[PDB]
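Take a look at this one chain, the form deposited in one PDB entry, written out in structure tokens.
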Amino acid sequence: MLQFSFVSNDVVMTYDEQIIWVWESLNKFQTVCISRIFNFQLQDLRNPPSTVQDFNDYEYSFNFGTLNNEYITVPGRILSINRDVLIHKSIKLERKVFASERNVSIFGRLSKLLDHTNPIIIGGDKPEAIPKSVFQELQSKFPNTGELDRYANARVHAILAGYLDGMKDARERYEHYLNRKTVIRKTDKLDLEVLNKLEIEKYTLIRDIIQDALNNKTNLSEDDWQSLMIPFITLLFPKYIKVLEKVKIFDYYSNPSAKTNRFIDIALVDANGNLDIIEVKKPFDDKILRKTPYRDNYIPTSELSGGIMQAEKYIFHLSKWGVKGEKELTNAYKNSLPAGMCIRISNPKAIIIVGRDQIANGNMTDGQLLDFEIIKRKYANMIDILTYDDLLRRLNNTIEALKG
């Protein structure tokens, strides 16, 4: 068990499997590795052990780097990475801080992910520092050997279920809907109560399919998740009439010399003919807010702000593309539309479904719910910013409204 301590300014860890073989490797290569992550040198060793004394009584004293400005500074040659790493005194110096399960280096992937040579700072009051609870979240959800075996087992299960009965979970729910359909529809005459029971069964089917996709189909492609969500967009939002995929729009602002082609992934036409955009994003992470507030205000994530800005680029290119774009989109999609209706670009807006919010089971302050409600109406060209749990809550509220 590696034991960490600090003596005055310097930080001297104690290490205690043959100790004599570690000394022979340190004399042989001039470098030694402790637990396949902590690389060390003879200069990092504070004092050499003598061969006369017992090596088992002696504990190995290695320098972990100097402590400066209230920061345990660990250099890059110890962790075999590019930049240094700074740890605050509030994070206890421990083997599990620098290592994941089955000897996976935590900061090696972080150093491979950062282009800038500026150091990684954990904790404290630095402006570029990572907070403490974000670091425990990174330690809990690191892609270690247990996570990467779980991802590979879930993907191979997802590939093999796609080859045999790819939509068997939605087919069972649709067969349950068809069994509930003939029970409700006893007579061929349609009234308002039987219609309300059929809307209850339809919204229950859509809610159960979306919940079963959230439980089991999260380890899919973005195109596969979108192809899961296409046949229910016009039922969740019955204003819109047609779902259009890979809609080629014209961009003139990113390259001023020549027109660039851009592609809206999912686009929506309502009954008047106006074109709108929906962004159905795959729920990779379970947050809609950053887990620490900036200045006691919770800010949106990079995943939320990426989808808003992509939809705003689509809205910008449609509004700049104008009546030439109206004629081009009504020439591209005249056969798919009902007859007599043309595609119009008249102030297009966007719908964003991103990823989960953890409103349920608690774990949210009134300020967090206030920031989430303010953020869902913050933007100009978004008529709806939804999470997947907001979609399930809207479906549930529509179910108990149609019941009563």
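Each form is matched to the other, and the largest set of C-alpha atoms that superpose within 1.5 Å is called the rigid core. Counting begins at 1, following the sequence as shown.
Not on display, but discussed next: the form deposited in another entry.
Q: If you fit the rigid core between the shown form and the other one, which of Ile200, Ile233, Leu93, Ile308 ends up with a C-alpha shift of 2 Å or more?
A: The listed residue whose C-alpha shifts by at least 2 Å is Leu93.
Q: Has the Cα of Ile266 moved 2 Å or more between the shown form and the other one, judged after a core fit?
A: After core superposition, the C-alpha of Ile266 moves less than 2 Å between the shown form and the other one.
Q: Determine whether the C-alpha of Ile277 shifts by 2 Å or more between the shown form and the other one once the rigid core is superposed.
A: No, the C-alpha position differs by under 2 Å between the shown form and the other one.
Q: Do you see a C-alpha shift of 2 Å or more at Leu391 between the shown form and the other one, with the core held fixed?
A: No, the C-alpha moves less than 2 Å.
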